[PDB]
Amino acid sequence: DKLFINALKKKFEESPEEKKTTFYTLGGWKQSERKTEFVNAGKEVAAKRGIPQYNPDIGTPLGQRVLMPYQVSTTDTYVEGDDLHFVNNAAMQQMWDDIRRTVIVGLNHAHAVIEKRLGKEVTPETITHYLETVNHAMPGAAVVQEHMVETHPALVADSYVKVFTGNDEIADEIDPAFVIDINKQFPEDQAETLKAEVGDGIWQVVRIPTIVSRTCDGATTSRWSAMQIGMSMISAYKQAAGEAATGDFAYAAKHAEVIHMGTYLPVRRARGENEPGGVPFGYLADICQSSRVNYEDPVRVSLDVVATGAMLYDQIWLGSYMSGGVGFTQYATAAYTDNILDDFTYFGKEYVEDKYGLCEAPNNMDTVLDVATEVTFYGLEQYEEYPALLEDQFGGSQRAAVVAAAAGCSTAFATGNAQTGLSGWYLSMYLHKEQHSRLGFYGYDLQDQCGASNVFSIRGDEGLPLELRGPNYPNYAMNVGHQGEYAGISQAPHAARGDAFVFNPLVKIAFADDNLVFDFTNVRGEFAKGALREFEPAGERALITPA
Amino acid sequence: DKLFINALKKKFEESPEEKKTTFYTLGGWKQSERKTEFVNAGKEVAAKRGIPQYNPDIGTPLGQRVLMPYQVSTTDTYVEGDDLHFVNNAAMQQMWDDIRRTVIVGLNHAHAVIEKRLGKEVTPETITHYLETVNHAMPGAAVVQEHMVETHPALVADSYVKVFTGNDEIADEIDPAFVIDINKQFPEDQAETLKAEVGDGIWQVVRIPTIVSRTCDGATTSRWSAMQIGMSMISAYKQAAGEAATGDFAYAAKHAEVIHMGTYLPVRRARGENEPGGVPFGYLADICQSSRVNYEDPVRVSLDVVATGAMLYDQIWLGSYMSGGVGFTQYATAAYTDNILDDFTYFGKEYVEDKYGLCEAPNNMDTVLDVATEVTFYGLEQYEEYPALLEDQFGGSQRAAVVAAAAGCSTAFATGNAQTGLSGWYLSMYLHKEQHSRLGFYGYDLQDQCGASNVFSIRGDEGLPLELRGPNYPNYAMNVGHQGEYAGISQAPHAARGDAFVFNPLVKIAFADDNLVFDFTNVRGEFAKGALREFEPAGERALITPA
Amino acid sequence: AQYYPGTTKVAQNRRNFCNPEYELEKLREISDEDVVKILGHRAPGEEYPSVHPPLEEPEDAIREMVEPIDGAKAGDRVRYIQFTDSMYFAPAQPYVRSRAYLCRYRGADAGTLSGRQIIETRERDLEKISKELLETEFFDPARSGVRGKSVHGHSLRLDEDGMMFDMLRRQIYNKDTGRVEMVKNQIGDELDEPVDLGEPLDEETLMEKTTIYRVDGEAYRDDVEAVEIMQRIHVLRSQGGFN
Amino acid sequence: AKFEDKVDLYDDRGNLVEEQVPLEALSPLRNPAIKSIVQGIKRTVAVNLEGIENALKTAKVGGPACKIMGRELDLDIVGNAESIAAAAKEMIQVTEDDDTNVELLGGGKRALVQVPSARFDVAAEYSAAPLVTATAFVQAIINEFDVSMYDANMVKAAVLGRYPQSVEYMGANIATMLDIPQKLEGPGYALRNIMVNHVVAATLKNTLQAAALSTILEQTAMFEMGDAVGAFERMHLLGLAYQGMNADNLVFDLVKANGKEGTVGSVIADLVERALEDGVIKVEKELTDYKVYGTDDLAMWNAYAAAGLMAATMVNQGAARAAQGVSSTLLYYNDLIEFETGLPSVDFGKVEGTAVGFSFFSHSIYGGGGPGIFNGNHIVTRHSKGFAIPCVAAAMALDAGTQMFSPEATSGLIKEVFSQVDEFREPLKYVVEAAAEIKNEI
Amino acid sequence: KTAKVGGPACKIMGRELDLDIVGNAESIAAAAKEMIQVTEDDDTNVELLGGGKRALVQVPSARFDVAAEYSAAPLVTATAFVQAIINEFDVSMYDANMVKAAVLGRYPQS
Ligand code: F43
Ligand SMILES: C[C@@H](OP(=O)(O)O)[C@H](NC(=O)CCCCCCS)C(=O)O
Ligand SMILES: O=S(=O)(O)CCS
Ligand SMILES: O=S(=O)(O)CCS
Ligand SMILES: [Mg+2]
Ligand SMILES: [Mg+2]
Ligand code: NA
Ligand SMILES: [Xe]
Ligand SMILES: [Xe]
Ligand SMILES: [Xe]
Ligand SMILES: [Xe]
């Protein structure tokens, strides 16, 4: 069976191959448990506040067709689509909060200033003392001044600071409560690659409170991190609380050895650091931790990245930050529901594995023309043979994104190079457009038409390896159904190669942490848990509010 | 009696005039109920997560002096300072969210497009139908497409759209559930001024969900607003769901007739619209609604604005967005606790009232040299005569802000002009510095030393009326203890003049709304309510989380 | 002009729609009043609302060389007609329409989407075009629909009568007569008297006239010459962007 | 000359002006008229003296719906415009009889200001024009009426707005064609952040003159962006010549042959014929009843295809007298010509891609607006490197009044002031003459 | 050589290109100058420093006479050296994007 058959049978009474059904006799919104809850809630909300709100009689009557449940891919959880809206899903909000409130800050320049400019000693014992100090101060508590008022420790229980290093002896000398153990979190060959990349460097993983990140913005993270690092440096290493050398730590922590999750954006889409638009596709692939737990299934790793990116880039970023309202839930769920993209991509993997073998194909246009065309034809034919599948992913944009991602990831499985995978993505769009005389929404293929010429361009704002591109890449800055899939194409050749990381090894290690609220090893499983309203996020104000 | 005497007697056992007390024998943090709560919470946090957190033994031992309670000015509520930290105070978080999620969008261009390009009629009946449509869609619900998944109405119960207009007859024909009634919210003379300013214009006040605002950022507001305005325009006025004229509504809602709460910021402090740094001092004075309920007491009006701005600009903006950690709680509470600034400012009001009469003084340097000098000397002498007062506001920055705010507001009471009030602010700083041979922290008077020459400058990045300045004014962009007080000086002459607004009449009307969560008519009363953990904020995820 | 490559019936049907010298097969007769009723921009007999005064009421060699359409001379509004085409062998398809519109019609603003396809032009010229769009093989009353909003259905399964899904049910199949009646205009407002749209094309004629590739009809992968040209453009685009 | 290509130059009436002109005589790096156009745009500022007076009289300064009650100043600025403008010019100029220009318009209600070039020879960018102009008129107004120290800050707010609290000159009563450098989508984009309505306004809705000026600005920015460097320089010069300068009368002849009855498809067929006639393309392969065309000069095929794209816009949107269809023309001219020939479309698909989002963001809800509000620095229309925006300028020029956000609504001060400079209003005239004068120096 | 492009601690495994750029710095700098210059006798200057490890580039003033600001200097220099490196070693279409990232970084994503 195709991997999507089970979901299709749960959605409709007909067999997936049947071309006919009945409409208009389902009761409208009354067919749905969720819509019924919304209608009752809107009545209570409107009465309590004295302003009309949710009203199913406004506009067109939803539910003339089957209001489908969705299977979260790789799980057995079936939910209505409203449960996958980021506003209704606390796991999705917490996934973004965990990224937004995270920053990586080196200790290498700081330790050098301590020993050279300050003439004081740095040892693993002093680092532990600093770490115990910083894990008190980072959530918002004092270490120096008298009569300081502090944050409630229970409201900020998710904030902490950890460190990692490639030197096993140094890591073993630091208190293990503050250490992200590379050898414990990654398999051997991945651990050796990461430890060789980090070397003797010591890097902090700072996570500021979720309640602060929600109250403020992403640009708060690196500043909040730098303040409490500086205060803990003053306290732990017995500096004067404000001399000349104190300025070095501030510049080091704020600019010199700091790694933001997202870079700032230009004025038209004005945003500071650590917003979704600034996160390049390579970082997003490394934030997702599927690579260190599913390293034997490059398809599973790549699609967990797609799920990570489709929710963040399309539902939260483009669907709220850049637009808003009802949003783009199903534009994104097409990429992580009903095992549809899984079926398409497992096909292309086996096709590449049987014909070329993973990463053994030539890195040229011949491999692009072969793999991308074959996988595209397979994907479009499934919609032609399963009418329930076409009614499931009813939007052309949804279908174009799913089909091209499988063609792109498969081409990357063959070449071991993300740039030819991207070229296969755009070829899929061109073939898709000609096959069905349609593609996506009114403005879906802006980048798709600019695509082929800009894959291998080298000009100022055109040329970039796919790992370096992101939501601020000019062609990519506006439209749904691309960015999350581009992250998956970025992961695809490295997953097939077995690489420990896609673009940044520090980012990869920084999220191999069990003290995170969101489990980045099982992104889709976490989405299902939040859809069932079983996920417990941070940043709630229940402690300081009446019963 | 001085207005701060009661608070000083509640803080210490000694008489306010006594110069001696006892230290070191108070038990450290054990003297405090709040610190005791934090120590127990820090133990539970560390135990549950396996990482050390709050620890009273890190760094220096708090509580060698009296850990003071604070009286929230104009109330009888006494709290420890930790209860006025914005992280621990849900009323403070909701005040900013209510500002961040608000945007003002005109209907005048849109109605012109409906009648001219579309050739359809606009009447109060069509406006009501549009408003009923937009109040369904704005929280995140569908009106056009089939198989749409929507936001939970109970999670977004705080989002709605209202309208106001200066035309009383038009306003009475729109459904009163959607109308901000200027005649009911403002006194007669203020209502006539505002209605004369608005005229026949019809303006929407849009508030997007708090849960979205906390998940995303301030720049989301005007975008989220525009999408749902556009969808409701399509539905209510029977447009094609995507034709050429539909683009006009989008440009109108996003650029043409939109009033942001805050303008975007430059790159070094990269931030989008509707962040605190973009809110000018005149808007902040108009957001505060003390002007329409305390219009007979210009001191009360001016100091409620000080409280609004000191909390937002110093605790949330400068204390978190731009820095972070323990933050700047007491830097701001000095301006709205213990009735200290109230006593100083009521003195200057009475001094100005008896000598000049409000707004009757000449608008020249003579009035500045007179009023600012007299009020400054009165304020500084109170610290010299009441040692408990000097120990209360122990930071020089705190004292400089309170003394200069009274001197600035008083000078503005005299001249009816905010610019000479600003000049009195800086003169107060210069006299303060010489009197006690100290002023504020290491970098408190950067702007203060630039101050006098830049009050009346006209050069490119120097000259601006005080009402137009804000946290992005170059001298003001960095430092605590100024911005909230500048907002009070901007309110000061208009409160004495009886003006309905300081800088923008639409902003003033936009927050005269009983469906807001935060009560902007009683800012300090709301701060006390949040400190007592009695405030009910919006945006909680409790409905979608386990019990 | 060759318009489009390929050796299938689909490729020839795409060329037929684009070629202005190909006379579109007329399948039904529709009165002028019914077309105005279906469009729903104005009532039949109502004057054309003007967006600007007539042109007769600046110096430009282009303006003097390009003859304006009659609706632009009078200052008519720009109104629309929008069609939804089922992926189950509807004769016309979204990109086929836009490509054909800009070959056949003057002053056309065409837009392509997966679930709808729209043309905007001057009102009185739209009515002349809409007549041909509704009367000829561009339209099938069962597998195609005139929809100004709520266009859901291009990818859905058909109902028991073979009709495409319509949230607003603007086109009603009559079981007693075997013909389709349009009970609402394209925006969904009820008409005073429905408009007969004739009988649905049978499945044999749909596959003869359709412009969509499908595995259960003519697959795109079997039209190897059409695929080759698309692959050629992809390669030439890639090389051009590099050097 | 780096390139061997030569072109025949024509006027806005289809008449030959100069034959066999080297391609680089039209280059922004060489043409003295393009240099005069670019430098004029940098240094030209419009001052709304009537707006400043109304702002001061009502204390309405600092942005929309903003007012400070009690700050009103009643100054007869328009009545004293001659003395004010004379004092301002004295501060604007560097030396006597330099290229400083200050002219009054509308009986003193407006002021055209041209900051001397000497100030820009020692400046890094272009902000000196509004900043020097604003402070000179602020000082001139203060000196004219002896505005007190306590009131002068209102004159500053009336002229330049909420700057520097806002990043922009929010609420200012001065106008330029360029926006502040912070609003560039990327470095080198300043000549692209010029609204299409600004270009159409000061070209007085002449199609060919608007098309030429838009191409001049777009392709000159391609040099500053580094896109027109090395391997791509010839492609951008050829596109500038054939699409924007009516090289060899190709755009004009295509419009003429299809103006009475033609469509986009008919313009394509004639363009493909002309390219085959001129040896630009040749039959490379034959499929089943389908000729596959090839070329040995992609840059020249792109230039020919770009000429037909402009002509197809003039035919399609000219017949409708409504600009909105330009987004459709830019899309399907390129879509149709690729399956008509087997060759890549203009800008190798980048014009077609730009048109997809331009169609979307001008017919939907998510942003954008009318065709006139776009520009080369807009996120929607920045992607094609100079081959798409000129067609929008030509389309908005042909719009007979169907746009809510026309140049009269968003570029009123530009239409009144910047059109007065003959270089900007009729750029096709001066660029062709300048190319002929330098034809033997290239 | 290390595929370390696009920012601190960034690397794309599998993208490495071993090019002797410094060994051919004279030919590369000469080829770039041909693209940077406007004419053979303008004020274009390209000089090698540190035995070819560095290059001083002065973009001709003629480009700035028709430019709005100053970004032409890095943008023209970057693309000239990118093209010169690609032409020098005949870098394929599939690898050239790495040369662009090595020269100009993560722009335009950053
Ligand atoms: C008004 C527009 C024009 C525009 O700018 N946006 C709209 C509407 C907008 C609204 C619809 C909310 C509502 O119903 O009130 C939202 C949710 C964005 C928002 N403001 O929150 C949206 N579309 Ni649209 N929109 C979608 C889609 C689509 C598909 C649907 C095709 C079909 O046959 O059903 C087509 C474009 C196409 O033809 O490819 C479409 C069109 C349109 N889209 C047409 C309305 C079409 C109609 O009249 O029925 N969307 C999709 O393709 C799937 C995802 C879906 C989005 C909701 C989600 O992701 O959950 C939604 C995303
Ligand atoms: C186009 C541009 O908007 P403006 O035209 O500048 O109003 C841009 N928005 C967007 O790209 C919207 C992206 C999300 C909505 C579309 C998703 S397909 C922006 O706000 O910077
Ligand atoms: O119909 S449109 O494609 O403009 C909207 C897509 S959500
Ligand atoms: O000591 S410093 O004035 O630098 C710090 C003030 S919070
Ligand atoms: Mg868990
Ligand atoms: Mg209350
Ligand atoms: Na937030
Ligand atoms: Xe992996
Ligand atoms: Xe007031
Ligand atoms: Xe211009
Ligand atoms: Xe464009």
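Residues numbered from 1 in each chain as written, not as in the entry; some residues may be left out. Chains lettered and ligands numbered in written order. Part of a larger assembly, values for the part shown. Heavy atoms only, no water. Residues with missing side-chain atoms left out of burial classes, pairs and counts.

Going by the header, the method for this PDB entry is X-ray crystallography, and the resolution given is 2.5030 Å.

Trainee: Which residues make up the site of ligand 3, and what values go with them?
Mentor: By nearness alone, every residue bordering ligand 3 is listed as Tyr331, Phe441 and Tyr442 of chain A, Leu113 and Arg116 of chain C together with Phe360, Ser364 and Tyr366 of chain D. Contact distances for ligand 3 include 2.9 Å between an oxygen atom and a backbone N or O atom of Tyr442 of chain A. Separating an oxygen atom of ligand 3 from a side-chain N or O atom of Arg116 of chain C is a distance of 2.6 Å. Its free accessible area being 270 Å², ligand 3 has 84% of it covered by the protein chains. (Near = heavy atom within 4 Å. Polar contact = N/O pair within 3.5 Å; in protein donor to acceptor, adjacent residues only side chain to side chain. Areas by Shrake-Rupley, 256 points an atom, 1.4 Å probe, with all protein chains shown as cover.)

Trainee: Let's hear about the UniProt feature "binding site: coenzyme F430" in chain A: which residues, and what values?
Mentor: Within the UniProt annotation, "binding site: coenzyme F430" is assigned to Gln145 of chain A. Along the chain, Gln145 of chain A turns up in the loop between α5 (124–137) and β4 (160–165). Taking the relative accessible area as the measure of exposure, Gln145 of chain A reaches 49% and is therefore partly exposed. Apart from the residues within four sequence positions on either side, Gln145 of chain A is in contact with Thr60 and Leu62 of chain B. (UniProt positions renumbered as here; feature names shortened; annotations may be inferred. Helix = DSSP H or I, 4+ residues; strand = E, 2+ residues; numbered from the N terminus. Buried < 20%, exposed > 50% of the residue type's maximum accessible area, 1.4 Å probe, protein only. Contact = heavy atoms within 4.5 Å.)

Trainee: Requested: an account of the environment of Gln93 of chain D, with residues and values cited.
Mentor: All names here are of chain D. Position of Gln93 among the secondary structure elements: in the loop between α3 (81–92) and β4 (101–105). Residues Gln93 and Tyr150, 57 residues apart in the sequence, show an inter-C-alpha distance of 28 Å. Once residues lying within four places of it in the same chain are set aside, the contact partners of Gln93 are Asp98, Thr100, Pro116 and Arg119. Among the polar contacts listed, one links the side chain of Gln93 to the side chain of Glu90, at a separation of 3.0 Å.

Trainee: I'd like a rundown of the pairing of β4 of chain A, residues and numbers included.
Mentor: Residues and elements named next belong to chain A. Counting buried residues in β4 gives six out of six residues, a clear majority hidden from the surface. Taking every second residue as pointing to the same face, both faces of β4 are buried, with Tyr160, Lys162 and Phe164 on one and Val161, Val163 and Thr165 on the other. The pairing of β4 with strand β5 (residues 202–207) spans six bridges and is antiparallel. By the bridge assignment, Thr165 is partnered in β5 with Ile202. (Pairing = 2+ DSSP bridges.)

Trainee: How would you sum up the UniProt feature "binding site: coenzyme M" in chain A? Please name residues and give values.
Mentor: In the numbering adopted here, UniProt assigns the feature "binding site: coenzyme M" to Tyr331 and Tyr442 of chain A. Taken along the chain, the residues just named run across 112 residues; in space they keep tight, none of their C-alpha pairs more than 14.1 Å apart. Among the residues examined, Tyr331 of chain A registers a relative accessible area of 26% and is labelled partly exposed. With residues up to four places along the chain from it excluded, the contact list for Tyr331 of chain A reads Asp314, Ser397, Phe441 and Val480 of chain A. Along the chain, the position of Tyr442 of chain A falls in the loop between α19 (418–436) and α20 (446–455). Here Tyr442 of chain A falls in the buried class, since its relative accessible area comes to 6%. Non-local contacts of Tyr442 of chain A, meaning those with residues more than four positions away in its chain, are made with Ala110, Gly111, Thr112, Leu113, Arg116 and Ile118 of chain C together with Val356, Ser359, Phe360 and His363 of chain D.

Trainee: So what's going on with the interface of chain B and chain A? Residues and values would help.
Mentor: Contacts between chain B and chain A engage 112 residues on the former and 111 residues on the latter. If you list the elements that add at least two residues to the side of chain B that touches chain A, you get α2 (33–49), α3 (90–100), α5 (124–137), β4 (160–165), α9 (210–215), α10 (220–236), α13 (298–321) and α14 (329–333) of chain B. Here the side of chain B that touches chain A takes seven residues from α2 of chain B, the largest share from any one element. Here the side of chain B that touches chain A is composed, by residue class, of 54 nonpolar, 36 polar and 22 charged. (Nonpolar A, V, L, I, M, F, W, Y, C, P; charged D, E, K, R; others polar.)

Trainee: So what about the site of ligand 4? Which residues, and what values?
Mentor: All names here are of chain B. In the vicinity of ligand 4, the contacting residues are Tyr331, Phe441 and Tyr442. Within the backbone of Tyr442, an N or O atom sits 2.8 Å from an oxygen atom of ligand 4. Alone, ligand 4 offers 270 Å² of accessible surface; in the complex the protein occludes 55% of this.

Trainee: Could you give an account of unusual backbone geometry, with specific residues and numbers?
Mentor: With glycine set apart, most residues show a phi of negative sign, and most peptide bonds adopt trans. Residue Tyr163 of chain D is joined to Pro164 of chain D through a cis peptide bond whose omega torsion reads 5°. With respect to the helices, strands and loops of the structure, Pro164 of chain D is situated in the loop between α6 (152–160) and β6 (174–175). For the peptide bond that leads from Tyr107 of chain E to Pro108 of chain E, omega is 5°, which places it in the cis range. Relative to the helices and strands, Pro108 of chain E resides in the segment after α4 (96–104). Positive phi, close to 60°, is recorded for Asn339 of chain B, a residue that is not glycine. Summarising the element assignment, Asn339 of chain B is placed in the loop between α14 and α15 (340–355). For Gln20 of chain D, which is not a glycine, the phi torsion comes out positive at approximately 55°. You can call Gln20 of chain D partly exposed: its relative accessible area is 43%.

Trainee: Quick rundown of the sheet that holds strand β6 (residues 258–259) of chain B? Include the residues and the values.
Mentor: Residues and elements named next belong to chain B. If you trace the four strands from one edge of the open sheet to the other, you get β4-β5-β3-β6, paired in antiparallel fashion. Each of the sheet's edge strands pairs with one partner strand only, and the pair in question is β4 and β6. Examined bridge by bridge, strand β3 (residues 102–106) and β6 share two bridges and lie antiparallel to one another. In the strand pairing of β6, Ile104 is matched with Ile259.

Trainee: Lay out the coordination of the sodium ion (ligand 7) with the relevant residues and their values.
Mentor: Six octahedral donors at a metal ideally form angles of 90 or 180 degrees, and four tetrahedral donors ideally form angles of 109.5 degrees. Protein-derived coordination of the sodium ion (ligand 7) comes from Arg214 of chain A (O), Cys216 of chain A (O), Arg214 of chain B (O) and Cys216 of chain B (O), at a distance range of 2.8 Å. In this pair, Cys216 of chain A is assigned in the loop between α9 (210–215) and α10 (220–236) and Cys216 of chain B in the loop between α9 and α10, connecting two distinct chains. With a relative accessible area of 0%, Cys216 of chain A lands in the buried category. (Donors = N, O, S within 2.8 Å, 3.2 Å for Na, K, Ca; no water.)

Trainee: I'd love a proper account of the domain arrangement of chain A, names of residues and values included.
Mentor: Residues and elements named next belong to chain A. Domain annotation of chain A identifies domain 1 (1–99), domain 2 (100–274) and domain 3 (275–504). Once you take the C-alpha centre of each, domain 1 and domain 2 turn out to be 43 Å apart. In this complex, domain 1 contributes six residues to the contact, which on the side of domain 2 involves seven residues. Looking only at domain 1, the three residues that lose the most surface to domain 2 are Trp96, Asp97 and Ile99, adding up to 69% of its buried area. Taken together, the connections running from domain 1 to domain 2 amount to three salt bridges. A salt bridge links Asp97 to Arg100, with the nearest nitrogen and oxygen atoms 2.5 Å apart. One can count 10 residue pairs in polar contact joining domain 1 with domain 2. In terms of residue class, the side of domain 1 that touches domain 2 is made up of two nonpolar, two polar and two charged. (Domains from an automatic or database assignment. Buried area = accessible area lost by both parts, 1.4 Å probe. Salt bridge = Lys/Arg side-chain N within 4 Å of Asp/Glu carboxyl O.)

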